[PDB]
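Here, residue 1 is the first one in the sequence, and each next residue gets the next number. Reckoned from all heavy atoms, side chains included, excluding hydrogens, waters and symmetry mates.
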Amino acid sequence: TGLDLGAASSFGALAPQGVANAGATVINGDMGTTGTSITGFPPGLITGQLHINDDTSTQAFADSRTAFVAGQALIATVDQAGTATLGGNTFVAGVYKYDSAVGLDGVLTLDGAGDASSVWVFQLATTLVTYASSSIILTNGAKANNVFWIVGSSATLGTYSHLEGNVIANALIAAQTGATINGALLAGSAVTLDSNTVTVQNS
């Protein structure tokens, strides 16, 4: 249902070049790297399995990149061209193409329109920045596990923000103080965390 994440599907945080944590983070999911050590656990903790450079982390990373490539290759159903803002919108299922840096200030609503099989793929050509206390919400049967944020460079999740979905970034994912995620942080470089909660979702 949407992009196949393969062995990456159980990970809350996956980054080849490490996960660097500050504060009382809780990862409800697996965590891995391709060999780089993680730092800041404790005081962080994970409730799933740690996979630092084993067969699972190699296959999970490869699968995360396969999904990134497939996500970028999809034909857009909605061309948003140079639109810079996501906040204050209600989006039905689609592949949404954004050509430049996007921000989310306020609330974004993902409307399943009564169909739980609804898929969202956000094709963000460069950066994603979510603002402080921003939120993504699900209505009318939308499922977090069917939402994909395909971030063309790096994602910055703002302080005390809330995100639903699978963040598949080409490079860095930074979750600022208190950001919460129902989904996953699948980075192409590093993940930085500060007092976050990440909970992996199923569909």
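Shown here are the side chain to side chain donor-acceptor pair (under 3.5 Å) partners of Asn146, two or more places apart in sequence or in another chain: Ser203. Every residue two or more places apart in sequence or in another chain that forms a side chain to side chain donor-acceptor pair (under 3.5 Å) with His51 is listed here: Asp54. A search for side chain to side chain donor-acceptor pair (under 3.5 Å) contacts involving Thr197 returns nothing, not counting sequence neighbours. For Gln72, the side chain to side chain donor-acceptor pair (under 3.5 Å) criterion is met by no residue, not counting sequence neighbours. Every salt bridge (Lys or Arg N to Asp or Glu O under 4.0 Å) that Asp79 has, sequence neighbours left out, goes to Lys97.
Taken from CG in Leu157 to NE2 in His162, the straight-line distance is 11.0 Å, to the nearest 0.5 Å. Atom CG of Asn28 and atom OG1 of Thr47 lie 4.0 Å apart (nearest 0.5 Å).
Side chains of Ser134 and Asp105: no donor on one and acceptor on the other come within 3.5 Å. With no hydrogens or angles considered, a side-chain donor-acceptor pair links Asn182 and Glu164 at under 3.5 Å. Judged purely by distance below 3.5 Å, without hydrogens or angles, the side chains of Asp63 and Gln59 pair a donor atom with an acceptor atom. The closest side-chain donor-acceptor pair between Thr36 and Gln17 falls under 3.5 angstrom. With hydrogens and angles left out, the side-chain atoms of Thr109 and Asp111 include no donor and acceptor closer than 3.5 Å.
Counting heavy atoms from C-beta outward, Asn53 and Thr58 have side chains that approach closer than 4.5 Å. Contact of the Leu128 side chain with the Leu86 side chain is registered, since non-hydrogen atoms from C-beta on lie closer than 4.5 Å. The side-chain heavy atoms of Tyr131 and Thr159, taken from C-beta on, include no pair separated by under 4.5 Å. Inter-residue side-chain proximity for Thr126 and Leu124 is flagged as unmet; no heavy-atom pair is nearer than 4.5 Å. Looking only at side-chain heavy atoms (C-beta outward), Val102 and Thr127 stay at 4.5 Å or farther from each other. Residues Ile136 and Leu110 have side chains in contact (heavy-atom distance under 4.5 Å, counting atoms from C-beta outward).
Shortest non-hydrogen contact noted between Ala169 and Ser153 is CB-O, 3.9 Å. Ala76 approaches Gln123 most closely through the heavy-atom pair CB-OE1, 3.8 Å. In terms of heavy-atom proximity, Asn21 sits nearest to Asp194 at ND2-N, 4.2 Å.
In the hydrophobic clustering, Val121 connects to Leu3, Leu5, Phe11, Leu14, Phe68, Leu74, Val95, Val119, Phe148, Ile150, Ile168, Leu186, either directly or through intervening members, whenever side-chain heavy atoms lie under 4.5 Å apart.
Partner of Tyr96 under the ring-ring contact (aromatic ring centres under 6.0 Å, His included) criterion, chosen from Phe122, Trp149, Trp120: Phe122.
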